[PDB]
Amino acid sequence: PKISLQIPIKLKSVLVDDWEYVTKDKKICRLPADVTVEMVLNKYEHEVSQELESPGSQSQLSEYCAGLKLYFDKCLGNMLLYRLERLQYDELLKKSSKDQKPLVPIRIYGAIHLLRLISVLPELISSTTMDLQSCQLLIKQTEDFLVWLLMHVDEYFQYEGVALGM
Amino acid sequence: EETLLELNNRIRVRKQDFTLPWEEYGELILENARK
């Protein structure tokens, strides 16, 4: 039993370059990112909704993009950070407390952390109670987003970070 | 067919440091070492 999510090899390779830059070279992303998660998903929804005929097709894409923003805000600080990136996060969290303004991750982090989210989506789905057809739509919408991300791969893109038993 | 927005509060979030799974990325991780 595997939740099958096809991630193009080029994008898997992007995730491994990122893993090397953080966990081997010890280089964190500059924050805020120039193109936040929110801007990536705004552009995607904005383009792809122009090539959909059905009205139900447009709602499901908007509910996908909105749900993916919502889930990135929940996951980021819980499961999308390398250990090395926690200081950066704990500092952002500290600025949020002092400036009395809540931390919204989709407005700080960028495309690579969104792709980290996608890479762990199959494992999250696997333990969840949901209708099979709801899972198949979730897989379809994500693979559509992925080949759009690959289409724009040049526009957007002591030991830790490997789970040997996974 | 429920969308991700309606499934948001049912898909549990892990608390863990982020990792890449070996079965899907191991061949790329080993090639990455040889650069």
Side-chain angles (χ1 to χ4, degrees), chain A residues 5 7 9 12-13 15-20 22-24 59-71 74-75 77-86 113 116-117 119-125 127-131 133-138 141-142 160-166, chain B:
Chain A
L5 181 60
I7 309 176
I9 273 179
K12 315 224 312 202
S13 171
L15 279 165
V16 168
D17 293 338
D18 179 60
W19 166 83
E20 166 194 38
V22 175
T23 73
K24 290 161 103 194
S59 209
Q60 302 208 296
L61 170 88
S62 317
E63 273 188 272
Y64 181 74
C65 293
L68 200 55
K69 294 161 167 193
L70 262 168
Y71 215 69
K74 267 152 48 162
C75 287
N78 279 320
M79 62 178 301
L80 301 187
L81 296 189
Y82 288 113
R83 263 161 237 170
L84 186 62
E85 299 169 311
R86 287 235 78 92
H113 304 276
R116 296 190 196 169
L117 173 56
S119 77
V120 312
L121 266 175
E123 161 93 348
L124 295 174
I125 286 166
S127 36
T128 292
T129 285
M130 86 176 53
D131 206 70
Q133 303 304 301
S134 307
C135 168
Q136 291 305 78
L137 174 70
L138 201 51
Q141 302 191 286
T142 304
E160 70 159 306
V162 177
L164 275 187
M166 291 193 79
Chain B
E1 246 165 2
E2 320 144 81
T3 57
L4 182 47
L5 161 86
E6 333 160 316
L7 299 167
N8 177 62
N9 290 321
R10 318 223 303 257
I11 297 164
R12 282 181 208 237
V13 194
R14 314 276 191 269
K15 260 176 207 262
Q16 59 188 33
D17 300 303
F18 180 79
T19 59
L20 303 174
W22 185 260
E23 283 231 23
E24 292 288 323
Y25 297 86
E27 315 80 313
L28 299 157
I29 282 161
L30 296 155
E31 278 171 30
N32 175 276
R34 297 189 275 266
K35 324 161 55 193

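These values consider heavy atoms only, across backbone and side chains, with no hydrogens, waters or symmetry-generated copies. Protein chains get the first letters and strands the later ones, always in sequence-line order, with residue 1 at the start of each.
- A:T128 and B:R12 get closest at one heavy-atom pair: OG1-N, 4.3 Å.
- The candidate with the highest count of non-hydrogen atom pairs below 4.5 Å against chain B, out of A:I125, A:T129, A:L138, is A:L138.
- In B:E1, the CD atom is crowded: over 12 heavy atoms of neighbouring residues, nucleotides or ligands sit closer than 6.0 Å.
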| task | Begin from the C-alpha positions of B:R10 and A:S134 and carry the test side-chain hydrogen bond (donor to acceptor under 3.5 Å, both in side chains) through to its verdict. | result | CA-CA 12 Å; B:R10 318 223 303 257; A:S134 307; over 6 Å; no

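- Between A:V16 and B:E31 there is no side-chain heavy-atom pair separated by less than 4.5 Å.
- A:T142 does not touch chain B: none of its heavy atoms, backbone or side chain, sits under 4.5 Å away.
- Summarising the geometry, atom CD belonging to A:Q60 is positioned 11.5 Å from atom CD belonging to B:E2; distances are rounded to the nearest 0.5 Å.
- Atoms CD and CG, on A:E85 and B:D17 in that order, are 10.0 Å from each other to the nearest 0.5 Å.
- Using a 4.5 Å cut-off between heavy atoms, A:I7 touches chain B through its side chain atoms alone.
- For B:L20, the parts lying under 4.5 angstrom from a heavy atom of chain A are both the backbone and the side chain.
- A distance of 10.0 Å separates CD in A:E63 from CG in B:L7, rounded to the nearest 0.5 Å.
- Counting non-hydrogen atoms of neighbouring residues, nucleotides and ligands closer than 6.0 angstrom, the CD1 atom of A:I9 reaches no more than 12 such neighbours.
- Side-chain contact between A:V120 and B:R14 is absent, with no heavy-atom pair separated by less than 4.5 Å.
- Results of the side-chain contact (heavy atoms from CB on, under 4.5 Å) test with B:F18 over A:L80, A:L117, A:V22, A:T23 single out A:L80 as the only residue that passes.
- Taking A:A66 as the reference, nothing meets the side chain to side chain contact (heavy atoms under 4.5 Å, CB included) condition, with sequence neighbours excluded.
- When every heavy atom of B:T19 is checked against every heavy atom of A:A163, the shortest pair comes out as OG1-CB, 3.7 Å.
- Counting all heavy atoms, side chain and backbone alike, A:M79 lies closest to B:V13 at SD-CG1, 3.8 Å.
- The structure places CG of B:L4 at 8.5 Å from CE of A:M130, a figure rounded to the nearest 0.5 Å.
- Note: A:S13 OG to B:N32 CG = 8.0 Å, rounded to the nearest 0.5 Å.
- Judged by distance alone, the side chain of A:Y71 and the main-chain N or O of B:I11 form a donor-acceptor pair under 3.5 Å.
- Expressed to the nearest 0.5 Å, how far CG of A:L81 lies from CD of B:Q16 amounts to 11.5 Å.
- Note on A:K69, A:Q133, A:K12: by heavy-atom pairs under 4.5 Å with chain B, the leading option is A:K12.
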